[PDB]
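The structure appears right after this line, and notes come after that.
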Amino acid sequence: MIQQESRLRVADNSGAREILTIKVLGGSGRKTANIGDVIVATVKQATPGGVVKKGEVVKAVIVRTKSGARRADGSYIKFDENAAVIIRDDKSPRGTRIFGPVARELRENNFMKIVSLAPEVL
Amino acid sequence: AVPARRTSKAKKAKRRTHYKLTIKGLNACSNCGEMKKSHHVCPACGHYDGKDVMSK
Amino acid sequence: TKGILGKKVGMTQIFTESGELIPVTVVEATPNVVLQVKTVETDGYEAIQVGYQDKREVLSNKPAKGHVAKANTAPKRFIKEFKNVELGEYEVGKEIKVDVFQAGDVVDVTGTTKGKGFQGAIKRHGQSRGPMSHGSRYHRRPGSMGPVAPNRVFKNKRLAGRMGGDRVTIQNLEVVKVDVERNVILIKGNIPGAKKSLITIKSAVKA
Amino acid sequence: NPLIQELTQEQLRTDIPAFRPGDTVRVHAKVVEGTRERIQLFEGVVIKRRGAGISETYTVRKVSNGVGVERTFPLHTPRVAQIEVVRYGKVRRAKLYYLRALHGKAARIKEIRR
Amino acid sequence: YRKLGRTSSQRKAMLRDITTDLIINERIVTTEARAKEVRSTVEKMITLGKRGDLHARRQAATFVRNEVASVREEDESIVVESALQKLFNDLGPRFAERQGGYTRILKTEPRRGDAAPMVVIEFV
RNA sequence: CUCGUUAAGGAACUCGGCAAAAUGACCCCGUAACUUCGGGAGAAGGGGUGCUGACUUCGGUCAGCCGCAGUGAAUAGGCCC
RNA sequence: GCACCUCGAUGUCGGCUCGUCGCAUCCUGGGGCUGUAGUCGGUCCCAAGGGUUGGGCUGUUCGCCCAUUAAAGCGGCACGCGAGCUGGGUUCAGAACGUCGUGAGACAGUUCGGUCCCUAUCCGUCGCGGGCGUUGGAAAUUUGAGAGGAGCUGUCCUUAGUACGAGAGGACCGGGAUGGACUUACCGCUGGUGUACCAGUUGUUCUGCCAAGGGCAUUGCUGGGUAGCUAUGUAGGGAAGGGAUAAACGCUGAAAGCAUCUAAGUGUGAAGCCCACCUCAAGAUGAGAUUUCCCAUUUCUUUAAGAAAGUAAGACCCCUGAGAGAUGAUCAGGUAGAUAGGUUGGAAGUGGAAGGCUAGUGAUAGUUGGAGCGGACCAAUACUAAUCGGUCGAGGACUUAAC
Ligand SMILES: [Zn+2]
Numbered sequence: 001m002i003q004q005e006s007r008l009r010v011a012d013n014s015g016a017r018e019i020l021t022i023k024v025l026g027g028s029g030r031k032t033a034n035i036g037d038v039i040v041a042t043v044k045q046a047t048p049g050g051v052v053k054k055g056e057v058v059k060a061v062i063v064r065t066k067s068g069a070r071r072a073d074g075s076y077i078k079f080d081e082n083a084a085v086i087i088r089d090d091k092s093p094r095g096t097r098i099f100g101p102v103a104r105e106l107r108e109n110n111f112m113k114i115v116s117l118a119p120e121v122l
Numbered sequence: 002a003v004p005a006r007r008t009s010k011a012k013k014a015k016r017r018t019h020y021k022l023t024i025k026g027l028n029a030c031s032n033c034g035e036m037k038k039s040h041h042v043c044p045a046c047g048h049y050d051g052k053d054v055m056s057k
Numbered sequence: 002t003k004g005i006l007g008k009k010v011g012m013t014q015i016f017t018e019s020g021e022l023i024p025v026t027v028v029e030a031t032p033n034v035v036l037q038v039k040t041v042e043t044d045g046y047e048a049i050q051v052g053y054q055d056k057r058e059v060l061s062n063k064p065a066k067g068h069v070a071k072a073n074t075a076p077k078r079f080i081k082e083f084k085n086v087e088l089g090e091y092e093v094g095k096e097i098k099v100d101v102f103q104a105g106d107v108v109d110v111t112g113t114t115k116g117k118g119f120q121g122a123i124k125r126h127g128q129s130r131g132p133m134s135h136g137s138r139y140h141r142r143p144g145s146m147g148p149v150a151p152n153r154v155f156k157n158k159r160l161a162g163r164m165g166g167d168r169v170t171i172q173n174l175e176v177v178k179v180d181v182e183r184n185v186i187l188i189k190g191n192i193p194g195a196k197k198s199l200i201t202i203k204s205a206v207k208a
Numbered sequence: 002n003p004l005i006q007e008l009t010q011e012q013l014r015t016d017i018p019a020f021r022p023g024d025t026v027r028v029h030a031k032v033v034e035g036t037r038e039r040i041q042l043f044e045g046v047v048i049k050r051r052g053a054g055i056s057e058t059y060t061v062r063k064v065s066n067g068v069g070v071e072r073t074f075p076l077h078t079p080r081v082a083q084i085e086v087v088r089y090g091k092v093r094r095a096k097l098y099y100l101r102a103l104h105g106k107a108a109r110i111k112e113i114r115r
Numbered sequence: 003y004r005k006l007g008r009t010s011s012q013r014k015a016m017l018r019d020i021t022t023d024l025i026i027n028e029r030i031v032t033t034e035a036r037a038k039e040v041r042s043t044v045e046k047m048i049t050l051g052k053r054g055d056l057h058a059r060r061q062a063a064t065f066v067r068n069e070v071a072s073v074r075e076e077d078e079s080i081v082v083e084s085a086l087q088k089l090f091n092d093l094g095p096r097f098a099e100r101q102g103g104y105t106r107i108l109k110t111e112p113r114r115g116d117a118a119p120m121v122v123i124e125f126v
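Same order as they appear, the protein sequences are chains L, 2, D, Q and O.
Numbered per the authors' numbering, the first sequence finishes at 122, counting up by one with no gaps.
Numbered per the authors' numbering, the second sequence finishes at 57, counting up by one with no gaps.
Numbered per the authors' numbering, the third sequence finishes at 208, counting up by one with no gaps.
Numbered per the authors' numbering, the fourth sequence finishes at 115, counting up by one with no gaps.
Numbered per the authors' numbering, the fifth sequence finishes at 126, counting up by one with no gaps.
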């Protein structure tokens, strides 16, 4: 669960490192976000050089939370991190490389361009 | 909070109608006859359930 | 229509044909017996009186044995009435067993919730706290009692008091499995009440 | 208890090998990618096991591409096909929660024959 | 399991004392809550005294009080028995062939300064 | 009212981080602007610490062993612009 | 504006907690007109069932901004609510600045600091018992006069790239899937807690010493965790319908040979109204109904709805308790016995006991052996305690009618 003023690492090649969450789009008083949910955020730390510069308001999708997800067959998955990928308003990564491993729920929510580039898809 | 009016004799006594004492189950001993509390030892003779208990 | 009385055993798990895990509640119901048939000419309405769970015989009295004698059973612990069931089709002595239901069969389930005692407005009604610091002296209290003008408190101002112990029914649950030689029904989800408490199961009102 | 065990008895698996928390294991899961059926493998150290009945579960830790991953399974699902013990570890407790704050060489578990 | 007006270590002290009495005396006057909790503790000591071995002895010695004597014994010496030695030489062999239930409670009377209901708890 | 613990988040609380939590011992390495040249300075930031054996020039160092954790309890600076 | 009211005292604003009411309607529902092609809109009418968000800046309302939403309504209630909270602000005693004053001092100018008491008598609100009544005494099952809860809404897919339109663009009416907020239960799963459960470890003191343990140091500290209680966990819900209506729209129809929804007749029509769903309910003194159980001594005031006595069916006192609980009540039992303790097996949980052996100079390791221990959980078993007893509790009125 990820709420207002949580901080996420970036699993992308876009020029951002840390991100601060501003909204949890979808609903009118919704509290938390999960794996496969879209978000509005601030860039807090960038990389010297990069398409995305610090201070920008931008959209991102969550992969890889600590309090993870639950599957219909009774099994669970959990990660050691919270991470997101910055998105281009029709679900495409604004970078070209995803880092680290990714949850399989991004298929059902139809981020198919992102499930092509992840190293591992769990 | 402070009582705004004193309470009269009738209302005091109507409050005090559930303020009594009771004297519940009293039986007669099987060994010596005198009255005693049920499920207790008899204090007059020290017998409970037809045997002697407060002796050696 | 369909409806039976039983007792609550507990909760477990089960896998389905496709291989999904599903939480379940076991209900045990030995055969129920029809003790009386109420009609419009005699009583003014139509119903059926059912008994469940045989009782030792030092524990009943003579009026109860007389009521249970016309049906040739032992005295029962739990006696309920079942309404809206085409009478016909039923007579004193009959046994209703769990094979009245089959897998599928969306159903209603009723019981009496667990008891919890004297509880405050926060646990009892979902009311929120006051602040825990910042000079505060208002943690766990029920709020202001109203405005000044009517010189009194309105009704349904909610407060502390005894919690739990009421009857509750839950609608549109599924029967996952029926076992006849053991007198057991498996219902998907959770039900109200404690263990060994009376449970009633009827076919659903909203269909 | 005994009414519940009797109902749930006919659904316990019999081909489950013995292992402890501390051992390494290969789970042969089953994935469904559209209509296709397929089998993955998930290799790691068993760190938990909390039990009694059909309700038994266990969990496996792995480090994939620089991030640590945990996956819990029920013991008797049909959606697993194989649990293989690869190594045996020397351990002193039941919950290895201290492994989730170590990395690389500090997270080493010694082997043992059995 | 009945808090008895005490914290966690004072309850344990009080029970350890009241069961070492009644091993030494075999008959005692106490209130009614303490007597129930104590029936449970004392019979747990007797089924270790019937077990007999060294492991059982050291298990009991965590609970029976030490520097207390229980002597009705003299051949020609000052030979003392130790109230754990009595548990293992006397009370276990006594209840050899009885299953549980080595005590019994009787009710007498309320204490004068208190109105506390009192009780006698004895062995056979 | 006085105490102990808490998933995920981590000042979003409130007039205001109020109150809590965090730092805390000894040994070693290191340490900026500015300055009345004394200071600033415990600046900041990092490492070691148990037990057995051998050697101990002396103060210590090497070899081995055990646990999640070695100032294994109690007592003891939060810091920066 | 006025000065009736309160000076032997009626405590100011924003915020918090808890709301309730009006409708001049912010969203959602239904409509007429349009300078209404479609998609979006303008305006007027009917409608109060439910809904109406988190931050930044200021003591601040107010206001501006950021990111969302179906929408981010306006008023009353001592500008609701301090014997319910806060005291940031205004309005005590200290000190300073600009400014006025010869001065003491002063300023709806500003600045830093600054004491908010109360054990609930009555009515009222939420829960829980005792008494009597309901016309013989009892054990159960119930009808429903009344009353309360609930009432929100988004996106996609299809119809269909169809109607409409030069193009750009793009529907009504239907069907299907899946969400947000809110809410009723529950502990099988994911976690929290778990001070009479298991283990590790520091200091010191005691069991005479060694080995093995107890006491104290926040439960000394650290790692786990059963029952029970729990959400952030899991299951469900606001489904479809009927009836009478509002605005609006008619059909037939004359007064008034025509026209006209209306006068006589006859329809359609809203998230609203009465039902439909859930819960409470015969103290509903209008006290309702059904099934079953029990059936007569003594003196007379005078024979009377008379008194008193022993009983039936049944109930209670008293004891073991928990699925119940502030107490009392409720439910499970009292030898016609598994009600609680103990005992004998088991389980969760911990993680390899004590005593020996073997290998090491030692710290330690391996082995006997998934060992030992094990609150609340599961089976069996009368071993201890539910002993012996007592108390209360019917004898059924009168009038008319039909049989
Ligand atoms: Zn006597």
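From the three backbone atoms N, C-alpha and C, an ideal C-beta is built for every residue, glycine too.
{"Query": "Selection of the stretch 59-81 of chain L by Cβ proximity to chain D, strictly under 9 Å", "Result": "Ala72, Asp73, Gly74 and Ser75"}
{"Query": "Three-pair Cβ contact test at 8 Å for the stretch 31-39 of chain L versus the stretch 91-109 of chain L", "Result": "yes"}
{"Query": "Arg14 (chain Q) vs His77 (chain Q) beta-carbon contact at 8 Å", "Result": "yes"}
{"Query": "Check whether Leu108 (chain O) and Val54 (chain 2) have beta carbons under 8 Å apart", "Result": "yes"}
{"Query": "Proximity test, Cβ basis, 8 Å: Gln14 (chain D) and chain Q", "Result": "yes"}
{"Query": "Closer than 8 Å at the beta carbon, the chain Q residues around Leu22 (chain D)", "Result": "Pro75 and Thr78"}
{"Query": "Within chain D, the residues that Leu4 (chain Q) reaches when beta carbons sit closer than 9 Å", "Result": "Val10, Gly11, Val27, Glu29, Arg183 and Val185"}
{"Query": "Inter-residue Cα distance where the pair is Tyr76 (chain L) and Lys5 (chain O)", "Result": "41 Å"}
{"Query": "Residues near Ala95 (chain Q) by beta carbon distance below 7 Å, same chain, minus five either side", "Result": "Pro22"}
{"Query": "Segments assigned beta strand (DSSP E), at least 3 residues, entirely inside the stretch 7-73 of chain D", "Result": "22-29, 33-39 and 48-55"}
{"Query": "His41 (chain 2) Cβ short of 7 Å to ligand 1 heavy atom set", "Result": "no"}
{"Query": "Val185 (chain D) and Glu29 (chain D) closer than 8 Å at C-beta", "Result": "yes"}
{"Query": "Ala45 (chain 2) beta carbon near ligand 1 (any heavy atom closer than 7 Å)", "Result": "yes"}
{"Query": "Beta strand (DSSP E) runs wholly inside the stretch 54-80 of chain L, at least 3 long, in chain order", "Result": "57-63 and 76-79"}
{"Query": "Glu35 (chain 2) beta carbon near ligand 1 (any heavy atom closer than 7 Å)", "Result": "yes"}
{"Query": "Burial state of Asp73 (chain L) (16 or more Cβ within 10 Å)", "Result": "buried"}
{"Query": "C-beta contact flag for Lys71 (chain D) and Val93 (chain D) at 8 Å", "Result": "yes"}
{"Query": "Touch test, the stretch 45-64 of chain L against the stretch 80-93 of chain L, Cβ-Cβ under 8 Å, three pairs minimum", "Result": "yes"}
{"Query": "Closest Cα partner of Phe20 (chain Q) within the set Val46 (chain Q), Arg37 (chain Q), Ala82 (chain Q) and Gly35 (chain Q)", "Result": "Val46 (chain Q)"}
{"Query": "Per-residue burial, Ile202 (chain D) [other beta carbons within 10 Å of its own, 16 or more giving buried]", "Result": "buried"}
{"Query": "Nonlocal neighbours in the same chain, by C-beta distance under 8 Å from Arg71 (chain L), ignoring five residues either side", "Result": "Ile77"}
{"Query": "Check: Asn32 (chain 2) C-beta below 7 Å from any heavy atom of ligand 1", "Result": "yes"}
{"Query": "Run of the beta strand (DSSP E) containing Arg78 (chain D), from where it starts to where it stops", "Result": "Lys77 to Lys84"}
{"Query": "Close Cβ partners of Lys66 (chain D) (< 7 Å) along its chain, the five nearest in sequence each way excluded", "Result": "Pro76"}
{"Query": "Residue from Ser137 (chain D), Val101 (chain D), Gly166 (chain D) and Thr17 (chain D) with nearest C-alpha to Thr9 (chain Q)", "Result": "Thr17 (chain D)"}
{"Query": "Spatial distance of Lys10 (chain 2) from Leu22 (chain 2) (CA atoms)", "Result": "22 Å"}
{"Query": "Check whether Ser198 (chain D) and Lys9 (chain D) have beta carbons under 8 Å apart", "Result": "yes"}
{"Query": "From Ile40 (chain Q), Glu34 (chain Q) and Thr36 (chain Q), residue whose alpha carbon lies closest to that of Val28 (chain Q)", "Result": "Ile40 (chain Q)"}
{"Query": "Distance, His68 (chain D) Cα to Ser204 (chain D) Cα", "Result": "28 Å"}
{"Query": "Neighbour list for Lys109 (chain O) in chain 2, Cβ cutoff strictly below 7 Å", "Result": "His40, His41 and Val42"}
{"Query": "Under 8 Å from the C-beta of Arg94 (chain Q): neighbouring residues of chain L", "Result": "Per Cβ cutoff of 8 Å: no residues; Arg94 (chain Q) is ~21 Å from chain L at best."}
{"Query": "Any chain L beta carbon closer than 8 Å to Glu71 (chain Q)", "Result": "yes"}
{"Query": "Meets three-Cβ-pair contact criterion under 8 Å: the stretch 105-124 of chain O and the stretch 32-45 of chain 2", "Result": "yes"}
{"Query": "Extent of the continuous alpha helix (DSSP H) run through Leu22 (chain 2)", "Result": "That residue, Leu22 (chain 2), is in no alpha helix (DSSP H); it is neither H nor E in DSSP."}
{"Query": "Endpoints, the alpha helix (DSSP H) within which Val44 (chain O) is located", "Result": "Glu34 to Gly51"}
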